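K.L.:
The structure follows.
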Amino acid sequence: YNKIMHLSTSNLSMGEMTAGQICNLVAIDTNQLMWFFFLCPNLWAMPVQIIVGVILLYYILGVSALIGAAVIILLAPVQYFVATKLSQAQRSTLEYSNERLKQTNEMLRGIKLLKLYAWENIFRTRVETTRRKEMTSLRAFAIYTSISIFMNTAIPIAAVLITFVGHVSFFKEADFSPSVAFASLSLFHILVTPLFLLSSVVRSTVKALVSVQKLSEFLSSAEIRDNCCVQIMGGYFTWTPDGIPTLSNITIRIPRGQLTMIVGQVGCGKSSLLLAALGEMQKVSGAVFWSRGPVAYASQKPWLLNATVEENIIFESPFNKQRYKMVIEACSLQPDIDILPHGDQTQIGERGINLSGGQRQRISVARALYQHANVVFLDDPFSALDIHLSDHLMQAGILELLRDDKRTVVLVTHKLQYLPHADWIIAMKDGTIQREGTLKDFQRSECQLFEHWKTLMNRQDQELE
Amino acid sequence: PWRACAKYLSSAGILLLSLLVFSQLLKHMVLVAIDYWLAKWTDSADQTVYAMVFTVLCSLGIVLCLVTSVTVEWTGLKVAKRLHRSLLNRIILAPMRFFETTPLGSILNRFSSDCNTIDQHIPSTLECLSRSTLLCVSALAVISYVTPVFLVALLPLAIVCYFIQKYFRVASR
Amino acid sequence: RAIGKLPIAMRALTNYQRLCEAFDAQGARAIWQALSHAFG
Amino acid sequence: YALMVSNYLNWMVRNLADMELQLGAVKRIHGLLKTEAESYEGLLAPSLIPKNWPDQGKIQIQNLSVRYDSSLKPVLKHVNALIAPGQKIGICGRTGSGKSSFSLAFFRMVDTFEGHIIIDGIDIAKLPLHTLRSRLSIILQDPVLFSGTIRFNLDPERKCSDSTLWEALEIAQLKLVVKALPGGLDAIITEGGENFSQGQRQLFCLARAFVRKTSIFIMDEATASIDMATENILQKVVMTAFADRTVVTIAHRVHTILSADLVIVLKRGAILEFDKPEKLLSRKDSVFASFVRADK
Ligand SMILES: Nc1ncnc2c1ncn2[C@@H]1O[C@H](COP(=O)(O)OP(=O)(O)OP(=O)(O)O)[C@@H](O)[C@H]1O
Ligand SMILES: Nc1ncnc2c1ncn2[C@@H]1O[C@H](COP(=O)(O)OP(=O)(O)O)[C@@H](O)[C@H]1O
Ligand SMILES: [Mg+2]
Ligand SMILES: [Mg+2]
């Protein structure tokens, strides 16, 4: 979790680790390493047990005990044979089960798209082929564990056969008392009692070795290193650490205590300026000039902690009840708290009640109002909402609550009707910022993009200021 | 005596289940036979005729060990095949309100961890359980054979074993 | 409530401080070397 | 054998404890194994159903009212709408008023306690459900992409042509972004679509809706995540290229639903109006008129 708390979020998005693999590493591989440290003194106590077994065999029945002990020292090449075969089968087992887990989590979130588009048998056939490759690896594992269990039980009665046949034959005739026979049979059986455990020990060693490989693979990844509260000037920012820079030369200037808006197309740098100003992108060049302090944030995809509704508003703030009333009257969850079975003590999320979709956006921006953090960074709060709730979130909330105590807010919105309300607007085009300033500034120079926004609002008669 | 245990034996098959319980009882019974012939042949002191019969029942112990090992892997492989793709074919035909009701991480924790436990952990638990249980009751039967006074002594240790297990199990759960 | 809190060693900070003091003495060989020096 | 039972009595009792302790996994998988059915069978014979049974978009909503489960309230009320053959009709309304459940009512996810919808003379409750959901097309607001590759995200069946993939990418207006990728139709989409943007994730999911070449498109609020210039270009290229097909659209912004032919306004699960939007704007006491004047 210390590797998690400074991890780059580009490592999640560019393949290499998924979130199911990251929680699966905790849920399985630390547990497998823990079972290896449960079974590690068994392998540290095995060879002195078998050598004081064979020297007490040399005391009890003589020199035919070494002929009987030939099969127990013959167990080490067959344990090396099943060691290399169970290692290759465990590695193929782990890679096919990781593909099956990632495909099953990828299927089970998309049940609503998959049954509607009627592709569930096709996806189930793909998971069935991944399960077929897994069952090939596990039938290999089943055969190699079978011959190790048969060898680990079948070497003892072979040792009673070689010893008790070789003593009554004429190699020696020293001791055919029952004392050496029953004492040696108990000596073979307490020699045998490690070997019932030894196969489960060595498959736990190979599960330990690939878990330590994936722990070192997870622990090697890249990490996050005038009233202008944010003054990124001239700085190139990239998603990919060896790719083309997604964000080019940007010269932004956010005014303090003042609303600014970020306008552009889809995929133009529009949340990427927020994650570059956070520092979640790695840097090619340039400089950020903060004030870093704590900045309020709600993302485009809303994220839910599985807790109560009131704990998702507060999010380890103090519970002042009056501003809590102010943010639920600003976000208008007051009609939608009574449709919950409890009030604000309804537990929500993944392991809770399934929400609406607009309500998770409203509770994430209701988390975003309640922080005292003085800089509020907002991805799209009016995407999943209608015109009534975005108008009530525009007359209250932004320009009402946070205009009063003078907190800086930036806004990222595809909806352009609130573009009258500004103090600054950042115009963007394709990873470059286009131009910066206010609306009187924007009809002054960039009249083509001003007329482009004039055409989309259908306010041709109205003056935009 | 849960119904999941009966689902486990009935999903295995009567063929492999009969091969398992039959070959496991004959394997522990010929181990009982090899030390009873060790008693009769050490206690005789017809010579080497009592080494010929020792070799020929030791070979039955060898191949009975082999058939117990291949039946415990074939039962683990057939239930690990068969408790997947009846589950997946049932959960893919499930209605949408059940996905709306139940948490997804509960279902996915069954598909990960309980499928991995049904895969890898339990057939080792089956061979160690069957070896330890039939080995302890056959050892209790043969030391019932050498002394009949141990049955009179054995019922106090069995009733305090059941009492300390009944005393422990409500703390353990 | 009936089970308690931990003792101060086996409380996770101080064995998280036994670790990376373990990596202060210096890869999966370094993983195993710091694990052996941390919990030997 | 006294020493043997002293050696193995612990393994007898602890492997009995581990067999019960791992038998709880078998109890949980048998708990999930006895779950309910969606009843995928059809009581109508598939010989009597034609191959192009959804040939013309003639949808007869007849007294349909739905609840999500059997304990709940009627979400849609007594609704009755005649949807005409090749026509482009849209629905707007308030949040939580029945808008996404109207799109779920065509596919019978949400269950109907009264009435029936009629496509082409065929009752949709009297139909096989995989043949129902194969030949009609919904696009939903939340983008659920998958990983694997772009072509598998576009068609997972391996049955479609790459020029139709490029053409559905052309009417998605994402074609310059996918052409500038160095893989470029067989590059990689990662897990959950975190390779790309939110509107690009939605735009890939719209192109997934476009590559199925059906006759009834139904849409949710699918212009909600994207830009207004791209949505105006998008409604132009979807109302030119799919002009014969019945396209049903929940509109997030109600200025793009003025170009539609008829308008349902839903409020609290009821058909408030069923008219042309020029007639609905000229009334001026309509809820659609206060929508279109409350927006701009
Ligand atoms: N998490 C990410 N990792 C790598 N590349 C990304 C990521 N997010 C976006 N990109 C790429 O960077 C470009 C810029 O996307 P960006 O995140 O700015 O979208 P956006 O315009 O903010 O989305 P929206 O239109 O929903 O606001 C996109 O073309 C996308 O392919
Ligand atoms: N999965 C669900 N289970 C039960 N009720 C739901 C579910 N989804 C939505 N509802 C209810 O159905 C009503 C209609 O909502 P919906 O059609 O989803 O959104 P809207 O009409 O606001 O776009 C809402 O009031 C909501 O409470
Ligand atoms: Mg974005
Ligand atoms: Mg809806």
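Chain labels A, B, ... are given in the sequence in which chains occur in the structure tokens; within each chain residues are numbered consecutively from 1, and ligands are likewise numbered from 1 in the order shown.
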If we count only C-alpha atoms, what is near residue 32 of chain B at a cut-off of 10 Å, once residues fewer than 6 positions away on the same chain are taken out, given as a PyMOL selection string?
P.N.:
chain B and resi 26+38+135+138-139+141-142
K.L.:
Mind dumping the selected residues with C-alpha atoms as a CSV table (one decimal), in the first residue's frame?
P.N.:
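After the write, again19.csv holds the following:
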chain,number,residue,atom,x,y,z
B,26,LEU,CA,-7.8,-52.2,0.6
B,38,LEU,CA,5.8,-59.5,9.9
B,135,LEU,CA,-4.7,-45.1,9.2
B,138,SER,CA,-6.9,-49.4,11.3
B,139,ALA,CA,-4.2,-48.7,13.9
B,141,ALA,CA,-8.3,-52.0,15.2
B,142,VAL,CA,-4.9,-53.7,15.3
K.L.:
Considering only C-alpha atoms, return as a compact mmCIF listing (two decimals) with N, CA and C atoms, in the first residue's frame whatever protein or nucleic-acid residues lie within 9 Å of residue 14 of chain A, sequence-local ones (same chain, fewer than 5 positions apart) excluded.
P.N.:
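Contents of result.txt, as written:
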# COMPACT_ATOMS: atom_id res chain seq x y z
N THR A 9 -0.54 6.66 -12.05
CA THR A 9 -1.83 6.16 -12.53
C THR A 9 -1.79 5.86 -14.02
N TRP A 239 1.26 11.35 -21.28
CA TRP A 239 0.65 10.19 -20.62
C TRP A 239 1.64 9.04 -20.56
N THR A 240 2.13 8.61 -21.71
CA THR A 240 3.12 7.60 -22.05
C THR A 240 4.52 8.13 -21.74
N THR D 190 -7.55 -0.81 -23.17
CA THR D 190 -7.27 -1.43 -21.89
C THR D 190 -8.55 -1.60 -21.08
N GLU D 194 -9.66 2.78 -20.01
CA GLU D 194 -8.86 3.84 -19.41
C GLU D 194 -7.71 4.27 -20.30
N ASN D 195 -7.52 3.56 -21.42
CA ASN D 195 -6.72 4.04 -22.55
C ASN D 195 -7.25 5.36 -23.10
K.L.:
Could you give me the residues within 12 Å of ligand 3, counting only C-alpha atoms and all ligand atoms, as a ChimeraX atom specification?
P.N.:
/A:262-275,298-301,378-381,383,411-414,431 /D:193-202,225-227
K.L.:
Counting only C-alpha atoms, a student should be able to say which residues of chain A come within 7 Å of chain C; what is the right answer, written as a list in words?
P.N.:
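That gives residues 212, 213 and 216 of chain A for chain A.
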K.L.:
Hey, list the chain B side of the contact with chain A: 6 Å cut-off, only C-alpha atoms, answer as an NGL selection string.
P.N.:
:B and (42 or 62 or 66 or 69-70 or 73 or 103)
K.L.:
Once you have the residues from the selection above, write them out as a compact mmCIF listing (two decimals), in the first residue's frame, restricted to N, CA, C and O atoms.
P.N.:
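Produced file again37.txt, reproduced below:
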# COMPACT_ATOMS: atom_id res chain seq x y z
N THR B 42 8.42 -63.05 12.07
CA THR B 42 9.43 -62.84 13.10
C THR B 42 9.20 -63.74 14.29
O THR B 42 10.13 -64.08 15.03
N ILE B 62 1.97 -51.77 -3.19
CA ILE B 62 2.56 -50.83 -4.16
C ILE B 62 1.52 -50.37 -5.19
O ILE B 62 1.31 -49.16 -5.40
N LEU B 66 -0.73 -46.80 -5.80
CA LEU B 66 -0.84 -46.12 -7.10
C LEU B 66 -2.28 -45.83 -7.49
O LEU B 66 -2.58 -44.74 -8.01
N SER B 69 -3.70 -42.92 -5.35
CA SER B 69 -3.17 -41.63 -5.79
C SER B 69 -3.82 -41.13 -7.08
O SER B 69 -4.16 -39.94 -7.21
N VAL B 70 -4.11 -42.06 -8.01
CA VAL B 70 -4.72 -41.61 -9.26
C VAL B 70 -6.22 -41.39 -9.10
O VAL B 70 -6.81 -40.54 -9.80
N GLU B 73 -6.48 -37.73 -7.51
CA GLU B 73 -6.33 -36.66 -8.51
C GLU B 73 -7.47 -36.65 -9.53
O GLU B 73 -7.83 -35.58 -10.04
N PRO B 103 -24.16 -7.72 -4.36
CA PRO B 103 -22.87 -7.11 -4.70
C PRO B 103 -22.05 -7.97 -5.66
O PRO B 103 -22.12 -9.20 -5.65
K.L.:
Please determine, counting only C-alpha atoms and all ligand atoms, which residue among D:4, D:168, D:266, D:229 has the shortest atom-to-atom distance to ligand 2.
P.N.:
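Of all the options, D:266 lies closest to ligand 2.
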K.L.:
Find the residues near ligand 2. Use a cut-off of 6 Å, count only C-alpha atoms and all ligand atoms, and write them as number ranges by chain.
P.N.:
A: 356; B: 100; D: 68, 75, 94-101
K.L.:
Distance limit 12 Å, reference ligand 4, atoms considered: only C-alpha atoms and all ligand atoms. Which residues make the cut? Give them as a ChimeraX atom specification.
P.N.:
/A:356-359,384-386 /D:75,91-105,139-142,219-222,224,249-252,266-267,269
K.L.:
Using atom CA of residue 61 of chain A and atom CA of residue 191 of chain A as the two end points, give the distance in Å to one decimal.
P.N.:
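Those two atoms sit 15.6 Å apart.
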K.L.:
Could you pull out the helix (DSSP H, G or I) residues of segment 87-194 of chain D, going by DSSP on the backbone, and write them as an MDAnalysis selection string?
P.N.:
chainID D and resid 99:104 129:135 150:154 162:170 175:179
K.L.:
Please compute the atom CA of residue 40 of chain B-atom CA of residue 55 of chain B distance, one decimal, in Å.
P.N.:
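Straight-line distance from atom CA of residue 40 of chain B to atom CA of residue 55 of chain B works out to 14.6 Å.
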K.L.:
Pick out the residues sitting within 10 Å of residue 21 of chain C, and hand them over as a PDB file with N, CA, C and O atoms, in the first residue's frame; count only C-alpha atoms, and ignore anything fewer than 6 positions along from it in its own chain.
P.N.:
ATOM      1  N   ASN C  15       6.875  -3.534  12.305  1.00  0.00           N
ATOM      2  CA  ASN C  15       7.404  -4.593  11.443  1.00  0.00           C
ATOM      3  C   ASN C  15       7.404  -4.121  10.003  1.00  0.00           C
ATOM      4  O   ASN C  15       8.250  -4.543   9.209  1.00  0.00           O
ATOM      5  N   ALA C  34      16.217  -9.092   2.268  1.00  0.00           N
ATOM      6  CA  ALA C  34      15.608  -8.228   3.265  1.00  0.00           C
ATOM      7  C   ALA C  34      14.570  -8.975   4.087  1.00  0.00           C
ATOM      8  O   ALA C  34      14.394  -8.678   5.271  1.00  0.00           O
ATOM      9  N   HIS C  37      16.733 -11.062   6.576  1.00  0.00           N
ATOM     10  CA  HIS C  37      17.294 -10.211   7.622  1.00  0.00           C
ATOM     11  C   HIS C  37      16.202  -9.585   8.489  1.00  0.00           C
ATOM     12  O   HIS C  37      16.437  -9.264   9.660  1.00  0.00           O
ATOM     13  N   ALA C  38      14.987  -9.464   7.957  1.00  0.00           N
ATOM     14  CA  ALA C  38      13.897  -8.919   8.749  1.00  0.00           C
ATOM     15  C   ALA C  38      13.303  -9.970   9.673  1.00  0.00           C
ATOM     16  O   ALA C  38      13.012  -9.689  10.840  1.00  0.00           O
TER      17      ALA C  38
END
K.L.:
List the spatial neighbours of residue 327 of chain A as number ranges by chain - criterion: any atom at most 8 Å away, only C-alpha atoms, same-chain residues fewer than 4 positions off excluded.
P.N.:
A: 323, 331, 366, 369-370, 397
K.L.:
List the neighbours of residue 191 of chain D out to 9 Å using only C-alpha atoms; skip same-chain residues closer than 3 positions along the sequence, and give me the result as a ChimeraX atom specification.
P.N.:
/A:12-13,15,18,102,106 /D:145-148,194-195
K.L.:
Residues of chain D within 6 Å of chain B, counting only C-alpha atoms, what are they? List them as JSON, numbers by chain.
P.N.:
{"D": [1, 5, 8, 12, 15, 25, 26, 27, 33, 37, 38]}
